[PDB]
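Keeping their order, the protein sequence lines are chains p and D.
According to the authors' numbering, the residues represented by the first sequence are 49 to 378, 396 to 506, in order.
According to the authors' numbering, the residues represented by the second sequence are 49 to 378, 396 to 506, in order.
Here's the structure, in structure tokens; my notes come after.
2 protein chains.
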Amino acid sequence: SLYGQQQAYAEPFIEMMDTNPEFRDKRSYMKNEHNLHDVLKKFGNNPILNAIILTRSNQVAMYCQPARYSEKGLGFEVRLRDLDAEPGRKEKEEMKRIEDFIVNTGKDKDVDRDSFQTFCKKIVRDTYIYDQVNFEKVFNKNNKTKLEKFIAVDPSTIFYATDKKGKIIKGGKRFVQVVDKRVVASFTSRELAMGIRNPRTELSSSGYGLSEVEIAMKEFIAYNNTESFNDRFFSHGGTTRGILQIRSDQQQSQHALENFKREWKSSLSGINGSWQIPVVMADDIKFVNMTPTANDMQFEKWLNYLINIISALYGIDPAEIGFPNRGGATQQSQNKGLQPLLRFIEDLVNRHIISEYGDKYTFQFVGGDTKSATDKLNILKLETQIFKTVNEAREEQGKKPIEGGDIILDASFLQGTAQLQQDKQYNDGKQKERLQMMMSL
Amino acid sequence: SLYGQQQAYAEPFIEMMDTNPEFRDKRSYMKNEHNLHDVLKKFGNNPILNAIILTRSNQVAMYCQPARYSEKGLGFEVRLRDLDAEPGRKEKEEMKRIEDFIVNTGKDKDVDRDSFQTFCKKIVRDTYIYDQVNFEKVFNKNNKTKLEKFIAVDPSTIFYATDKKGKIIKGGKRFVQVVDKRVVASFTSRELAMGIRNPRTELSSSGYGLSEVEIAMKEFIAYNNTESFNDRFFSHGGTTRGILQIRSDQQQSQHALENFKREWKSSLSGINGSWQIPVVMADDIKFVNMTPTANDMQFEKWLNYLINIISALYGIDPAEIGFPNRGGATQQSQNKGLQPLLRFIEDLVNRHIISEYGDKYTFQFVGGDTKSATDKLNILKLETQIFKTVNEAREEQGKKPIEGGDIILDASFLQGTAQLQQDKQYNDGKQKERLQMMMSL
Numbered sequence: 049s050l051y052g053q054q055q056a057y058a059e060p061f062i063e064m065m066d067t068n069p070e071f072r073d074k075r076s077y078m079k080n081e082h083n084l085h086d087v088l089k090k091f092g093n094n095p096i097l098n099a100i101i102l103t104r105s106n107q108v109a110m111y112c113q114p115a116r117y118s119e120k121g122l123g124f125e126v127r128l129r130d131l132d133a134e135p136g137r138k139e140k141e142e143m144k145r146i147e148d149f150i151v152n153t154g155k156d157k158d159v160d161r162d163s164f165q166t167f168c169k170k171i172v173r174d175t176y177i178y179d180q181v182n183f184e185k186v187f188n189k190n191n192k193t194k195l196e197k198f199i200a201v202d203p204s205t206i207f208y209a210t211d212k213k214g215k216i217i218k219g220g221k222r223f224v225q226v227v228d229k230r231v232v233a234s235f236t237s238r239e240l241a242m243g244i245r246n247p248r249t250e251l252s253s254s255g256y257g258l259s260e261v262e263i264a265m266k267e268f269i270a271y272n273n274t275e276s277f278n279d280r281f282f283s284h285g286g287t288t289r290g291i292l293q294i295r296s297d298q299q300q301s302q303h304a305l306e307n308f309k310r311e312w313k314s315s316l317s318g319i320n321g322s323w324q325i326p327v328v329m330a331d332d333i334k335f336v337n338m339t340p341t342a343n344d345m346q347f348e349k350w351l352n353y354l355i356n357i358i359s360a361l362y363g364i365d366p367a368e369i370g371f372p373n374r375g376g377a378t396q397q398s399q400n401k402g403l404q405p406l407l408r409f410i411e412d413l414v415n416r417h418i419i420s421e422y423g424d425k426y427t428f429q430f431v432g433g434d435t436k437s438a439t440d441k442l443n444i445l446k447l448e449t450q451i452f453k454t455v456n457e458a459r460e461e462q463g464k465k466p467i468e469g470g471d472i473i474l475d476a477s478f479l480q481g482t483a484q485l486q487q488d489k490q491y492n493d494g495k496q497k498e499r500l501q502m503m504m505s506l
Numbered sequence: 049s050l051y052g053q054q055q056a057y058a059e060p061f062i063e064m065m066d067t068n069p070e071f072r073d074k075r076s077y078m079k080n081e082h083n084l085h086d087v088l089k090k091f092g093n094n095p096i097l098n099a100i101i102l103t104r105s106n107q108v109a110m111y112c113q114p115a116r117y118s119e120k121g122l123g124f125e126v127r128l129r130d131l132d133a134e135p136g137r138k139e140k141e142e143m144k145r146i147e148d149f150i151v152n153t154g155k156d157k158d159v160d161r162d163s164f165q166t167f168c169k170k171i172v173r174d175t176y177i178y179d180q181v182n183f184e185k186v187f188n189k190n191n192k193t194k195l196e197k198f199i200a201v202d203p204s205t206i207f208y209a210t211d212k213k214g215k216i217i218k219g220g221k222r223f224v225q226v227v228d229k230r231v232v233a234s235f236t237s238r239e240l241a242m243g244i245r246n247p248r249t250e251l252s253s254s255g256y257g258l259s260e261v262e263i264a265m266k267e268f269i270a271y272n273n274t275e276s277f278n279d280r281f282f283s284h285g286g287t288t289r290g291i292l293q294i295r296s297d298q299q300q301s302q303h304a305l306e307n308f309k310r311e312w313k314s315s316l317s318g319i320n321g322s323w324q325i326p327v328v329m330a331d332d333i334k335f336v337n338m339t340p341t342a343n344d345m346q347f348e349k350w351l352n353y354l355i356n357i358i359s360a361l362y363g364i365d366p367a368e369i370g371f372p373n374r375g376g377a378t396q397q398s399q400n401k402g403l404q405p406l407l408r409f410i411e412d413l414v415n416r417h418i419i420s421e422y423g424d425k426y427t428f429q430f431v432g433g434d435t436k437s438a439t440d441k442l443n444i445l446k447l448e449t450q451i452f453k454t455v456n457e458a459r460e461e462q463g464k465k466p467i468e469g470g471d472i473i474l475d476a477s478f479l480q481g482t483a484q485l486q487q488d489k490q491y492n493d494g495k496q497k498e499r500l501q502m503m504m505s506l
């Protein structure tokens with residue numbers, strides 16, 4: 049079963065003829081194709097698709113460092129789940145260790161291993177080519193419970209493993225790695241993640257994703273063709289402006305025509321000839337125009353239309369990649402497109418890595434804050450009216466408490482205490498004079 | 049192994065026929081080419097690509113000096129990792145030494161060695177041509193643990209070394225330098241860095257990067273062709289405006305025609321002839337127009353389109369390099402393109418150089434601050450209400466404490482202490498009169 053024991057079927061009830069009994073084929077949406085990822089692999093060098101992948105992965109790479117060490121606060125942090133909790137002495141260190149582990153992508157430092165930045169750039173590229181992310185989790189050999197590394201794996205090699213009954217394996221070796229159409233490795237759900245952005249309930253989708261490259265493939269082909277068309281004017285075309293027709297009772301001999309070519313070029317070619325005019329006394333002379341006097345690119349609107357569609361599927365403003373936005377206006398779309406990718410990476414990290422440390426922690430990317438010394442002083446300038454005595458503030462600075470602190474900085478607070486002092490001095494007088502009268506009587 | 053021992057294969061399982069058993073070839077994306085960097089080397093003189101490389105490396109060069117000595121605060125600094133730590137007496141000097149070492153690119157001063165500026169300009173050029181940065185680390189001959197120099201190395205000469213089993217070497221001499229297709233040097237991971245901006249999980253990518261010159265190569269070729277086309281009007285073209293057809297019962301002899309050319313030029317050429325009109329009494333006279341009356345460049349939109357694509361791959365505004373932005377609007398893109406390059410250089414420096422000094426330190430580029438004397442006085446003008454006595458402020462200035470300091474500059478603070486004084490004088494009176502009554506009784 050794909051998810052678990054259920055009485056609704058979640059896979060094709062009759063076993064479709066997969067090429068191999070051991071794994072589920074990545075069939076195209078229409079089943080017109082069975083090797084979809086080798087189709088999509090051909091577009092991974094497309095310049096528009098790479099402009100999208102590079103702009104997004106450059107945006108993502110800025111978060112990869114820890115916010116803890118980044119004075120602007122931009123980055124990621126490992127945090128307790130509850131905002132109300134205060135972390136214990138050991139929890140603060142465990143969170144710092146998990147942060148360090150993520151940064152190093154593993155327990156020890158090793159320059160030969162990917163950084164978290166390289167990992168994120170990899171999986172972003174994989175999401176936007178394949179809509180499939182995989183990374184292997186490597187556990188300590190002596191202690192299978194202890195995670196040592198996580199490494200990104202080529203998604204085109206990873207397939208769901210299938211039982212002889214055609215059911216997807218659960219609980220066992222759920223995944224296989226296939227190279228040259230033989231299984232070279234296998235993995236449990238514990239050892240390999242799979243992440244998908246565009247899920248489907250469709251039974252024949254078999255749990256695989258859906259690439260925008262598949263959806264937009266016609267548009268990419270049309271783009272490629274219009275690019276080749278415009279380039280072939282130079283690469284393959286006839287640029288010839290026209291034909292100079294000279295006509296007389298009979299055509300010139302080839303010798304005559306070649307020394308007429310010498311008369312021409314020695315008198316009229318280049319800068320040296322540039323403003324001379326030939327005189328010719330042929331019976332008639334005509335020039336036939338075969339091209340426009342002013343050539344430029346064609347199908348510009350067609351290209352714009354195509355790229356507006358492809359950008360709309362990926363959720364990017366064409367203006368970000370150098371194309372007119374046919375909507376005619378518009396940052397908001399950048400935010401709307403980048404935030405889901407960040408959340409997807411967060412979801413993967415939380416489910417697969419942090420879950421080794423248990424549910425008390427959470428991994429989140431965090432933006433900066435507008436909490437300068439000025440802003441903190443404005444806040445405390447209100448908190449000292451509302452809450453804080455001078456000495457609480459100074460203690461929060463690590464500055465020694467002062468005699469004459471322990472007061473709120475409000476004139477009414479002091480006017481109250483000045484009242485209460487008099488109240489005390491009156492009750493003291495009243496009670497002492499009562500006692501003195503009782504002792505007199 | 050590329051990264052480390054793993055059960056997922058990270059390289060082509062069957063050894064592909066590399067040209068040499070000893071190193072991994074830099075195959076093109078489609079494997080259409082095996083000598084990719086000698087292809088890319090031909091574009092390193094491209095004017096558009098150099099306009100990008102020069103504008104970026106000029107932007108980067110401003111950071112290269114230390115912020116410590118730069119009164120505007122712009123530059124780099126070596127810092128403790130934790131923002132909460134206060135550096136020890138020896139740590140402050142070690143950080144200054146590491147800064148000096150970076151500036152000098154080595155232990156001693158030597159005018160023959162690259163400065164950090166020259167190093168950064170080099171590796172920026174290398175990133176944007178090859179997407180591969182290499183620098184060698186040279187250790188002291190007497191003490192292999194002590195770093196003496198780091199020097200940038202030609203990335204086109206550096207290849208991954210491969211075992212006889214076709215596996216990339218790890219732990220040993222991971223890198224070789226190849227010149228004239230023979231190995232002239234070898235390096236461990238300790239002795240040579242490799243940096244890559246555009247990583248791939250693709251098994252056949254073999255750990256190498258992906259140049260935008262490779263992706264955009266068709267666009268660069270189209271650009272080159274359209275430039276040659278527009279130049280060849282002058283360099284090679286016929287600029288001839290038209291043919292003056294004069295016609296009569298028979299063509300003039302060559303002698304007649306050459307002395308007609310003398311009659312023409314002596315009467316009509318240059319400024320001297322400029323406003324005279326010839327009278328001619330031929331049977332018929334015709335002028336055939338062979339070019340437009342007003343010539344200008346062609347395919348301007350095509351060029352703009354191409355450069356907008358190339359700029360979008362590199363992440364630069366065309367307006368920065370003298371082209372219309374086809375998006376029609378837009396600094397933000399400059400920031401978005403320069404910040405990743407800075408972070409990449411930071412990541413390389415942290416992983417490879419600072420790591421010799423251990424994880425307690427961090428290298429970062431830092432911008433200036435808006436912390437003039439005015440801003441500091443505004444901040445302290447609030448801190449002296451919220452936190453600081455006069456004497457703490459003066460001590461922070463190195464100015465002697467004054468009698469009548471030790472007070473917060475708030476009227477309520479003084480009104481409180483003026484209360485508390487009276488409170489003391491009352492309790493003093495009460496307690497002394499209590500004692501005097503006890504002694505009387």
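From the three backbone atoms N, C-alpha and C, an ideal C-beta is built for every residue, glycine too.
Any chain p beta carbon closer than 7 Å to residue i
i              : result
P326 (chain D) : no
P114 (chain D) : no
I333 (chain D) : no
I319 (chain D) : no
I263 (chain D) : yes
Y271 (chain D) : no
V336 (chain D) : yes
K79 (chain D)  : no
Cβ of residue i within 7 Å of any chain A Cβ
i              : result
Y117 (chain D) : In the structure shown, chain A cannot be found, because the protein chains are p and D.
Cutoff 7 Å: residue i Cβ touching any chain D Cβ
i              : result
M329 (chain p) : yes
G370 (chain p) : yes
Straight-line Cα distance separating residue j from residue i
i              : j              : result
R459 (chain D) : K436 (chain p) : 26 Å
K189 (chain p) : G52 (chain D)  : 14 Å
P247 (chain p) : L258 (chain p) : 7 Å
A264 (chain D) : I146 (chain p) : 40 Å
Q486 (chain D) : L500 (chain p) : 28 Å
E125 (chain p) : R416 (chain p) : 16 Å
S252 (chain p) : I244 (chain p) : 16 Å
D174 (chain p) : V414 (chain p) : 16 Å
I358 (chain p) : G375 (chain D) : 16 Å
Residue i (DSSP reduced to helix, strand or coil)
i              : result
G402 (chain p) : helix
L240 (chain D) : strand
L128 (chain p) : strand
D475 (chain p) : coil
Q180 (chain D) : coil
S234 (chain D) : strand
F61 (chain p)  : coil
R295 (chain p) : strand
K266 (chain p) : helix
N273 (chain D) : helix
- Message: Along the stretch 210-222 of chain D, where does the CB come closer than 9 Å to a CB of chain p? Name the residues.
- Response: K218, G219, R222
- Message: Any C-beta of chain D within less than 9 Å: which residues of the stretch 162-176 of chain p qualify?
- Response: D162, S163, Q165, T166, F167, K169, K170, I171, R173, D174
- Message: Give me the subset of the stretch 175-194 of chain p whose CB atoms are less than 7 Å from a CB atom of chain D, sorted by chain position.
- Response: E184, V186
- Contact list for the stretch 277-300 of chain D against chain p, Cβ threshold 9 Å: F277, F282, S283, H284, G285, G286, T287, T288, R289, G290, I291, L292, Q293, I294, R295, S296, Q298, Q299, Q300
- Task: Using a Cβ-Cβ cut-off of less than 8 Å, list which residues of the stretch 407-434 of chain D approach chain p; keep chain order.
- Result: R408, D412, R416, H417, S420, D424, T427
- Going along the chain, which unbroken runs of the alpha helix (DSSP H) with 4 or more residues stay wholly within the stretch 141-196 of chain p? 164-178
- Item | Selection of the stretch 439-461 of chain D by Cβ proximity to chain p, strictly under 9 Å | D440, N443, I444, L447, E448, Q450, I451, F452, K453, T454, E457
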